[PDB]
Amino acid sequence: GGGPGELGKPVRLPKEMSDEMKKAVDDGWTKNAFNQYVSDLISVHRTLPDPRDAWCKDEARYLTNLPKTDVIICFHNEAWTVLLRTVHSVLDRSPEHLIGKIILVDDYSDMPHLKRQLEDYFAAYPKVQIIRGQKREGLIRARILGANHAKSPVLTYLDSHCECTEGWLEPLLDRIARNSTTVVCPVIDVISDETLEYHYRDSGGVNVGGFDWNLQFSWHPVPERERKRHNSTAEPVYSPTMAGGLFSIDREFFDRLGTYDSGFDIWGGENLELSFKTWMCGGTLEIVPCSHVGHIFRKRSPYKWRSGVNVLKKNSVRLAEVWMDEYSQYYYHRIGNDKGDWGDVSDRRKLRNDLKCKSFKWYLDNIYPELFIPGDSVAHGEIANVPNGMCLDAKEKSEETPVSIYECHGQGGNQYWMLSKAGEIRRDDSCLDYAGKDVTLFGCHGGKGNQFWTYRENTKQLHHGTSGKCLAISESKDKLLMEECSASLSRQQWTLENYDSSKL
């Protein structure tokens, strides 16, 4: 008798709703970018299925005396039932002796339900502590504020729209108990933004964290190298990076690593900073398949991924400048080597030096050898039509986007391409494709075919394998097309920045 959404089952509203209900549902989406109305129907003690593999219950054995953790949850104008459901999932599914304090860090909310109402509600839970930021500061500063209030040996960071699952905590703390330089993440499961349905997979499908050369986090499957280290896919696996929202760390080790770079602005990337310094300054980073936490997955694209201005640049530049050695150049190519103002980084350099950290080359060689380095490609940079000043140009959404041509601007971004050994014209994981209609950009599949191109050096033509046609610019200079190949047609002549035959 768990009510709507019990055992993580979906809650669906009726097709027909009164106008007052419709206003309530729409209001919920406006405020939260998820369906707050259905969350409000679902118990804040909503039961969930046990998502763990049999290995996690029958074969995994954890140290008897685990260190206590504080759980730090930062929020800004979170919905009442969603914030409460997070906190109760922590209280109800974690052994009491393993929780120090649940520290709720209010990053300057203005909604009334988060003020006195929130204090009164948790007054009867002595483990819950509310910290009020004095101005709006963003996630990094709120998390550091939380860490400074924390007294337990381990910090566990969650966000405000999570649901812990059965047995989530012990596997994380066991790794830190064995070696306090180990940083750990639960497997992050999907809670639907529409129905709040909870979804879990077995440990066979575990993904691990990487990054692309735009310095954005990305997921990849456990590489074969790492799978060969384990007898069961349920064992914790090394991860080059963490997504950042959910992890545990020894409190002193976090401070030793310099927590987060407080010179970052609010637009993220501190997950990558912490990942890099964990591996190259004496620690390890694991994803722990026996530990699941559900997380409300908003399908709506957040502002930072579609901004008209590059809000990601400052933190990416500070990251590259402090931690990436000579490899920073590949990110700088992506932004046209226009680094902007990234502030003062000298204290972070002193931090890295004082910790005697390893090189970024060591990190790439040893932790993330699967990452392809753009300098090893046949060509990288702009792809320019010789007789004029038009460049191959595309908005890269990870969907099929149209590929066109625009005046070369020398700023990277939409005009940055790589020519791979396999004949792909690509940016990150999207490949130039032609199937007889329009030239498009979609996910690289590694099968050549319609994604196979050759640069014909003596004519400077971009020749397409399966069609036998050549990439060209219309004589009105405003449309990209595929046409019959012809030597001497200047409209079919392209130059590829950094083209190097020796690389194929």
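In this text, residue numbers run from 1 along the sequence as written.
**Q** Zero if continuous, otherwise a range: how many residues of the deposited sequence are missing coordinates between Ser232 and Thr233 (none, 1 to 3, 4 to 9, 10 or more)?
**A** Unresolved stretch here: none.
**Q** In the PDB record, does 296-304 or 78-86 carry the higher mean Cα temperature factor?
**A** Result: 296-304.
**Q** When the C-alpha temperature factors are averaged for each of 87-95 and 128-136, which stretch ends up with the higher value in the entry?
**A** The stretch with the larger mean CA B-factor is 128-136.
**Q** Going by the deposited entry, which of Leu66, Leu48, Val44, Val38 has the highest CA temperature factor?
**A** Among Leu66, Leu48, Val44, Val38, the highest C-alpha B-factor in the entry belongs to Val38.
**Q** Specify which of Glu273, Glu170, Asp250, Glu224 carries the largest Cα B factor in the deposited PDB entry.
**A** The listed residue with the largest C-alpha B-factor is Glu224.
**Q** Can you tell me which third, lowest, middle or highest, the CA B-factor of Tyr331 falls into for its chain?
**A** Tercile = lowest for this residue's CA B-factor.
**Q** Splitting the chain's C-alpha B-factors into thirds, which one does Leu246 fall into?
**A** According to the entry, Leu246 has a C-alpha B-factor in the chain's lowest third.
**Q** Sort the modelled residues of this chain by their C-alpha B factor and say whether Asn315 lands in the lowest, middle or highest third.
**A** Lowest third - that is where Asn315 ends up once the chain's C-alpha B-factors are sorted.
**Q** Would you check the entry's CA temperature factor for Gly468 and let me know if it's in the chain's lowest, middle or highest third?
**A** Tercile = highest for this residue's CA B-factor.
**Q** By the record's CA B-factor, is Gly443 among the lowest, middle or highest third of residues in the chain?
**A** Bottom third by C-alpha B-factor.
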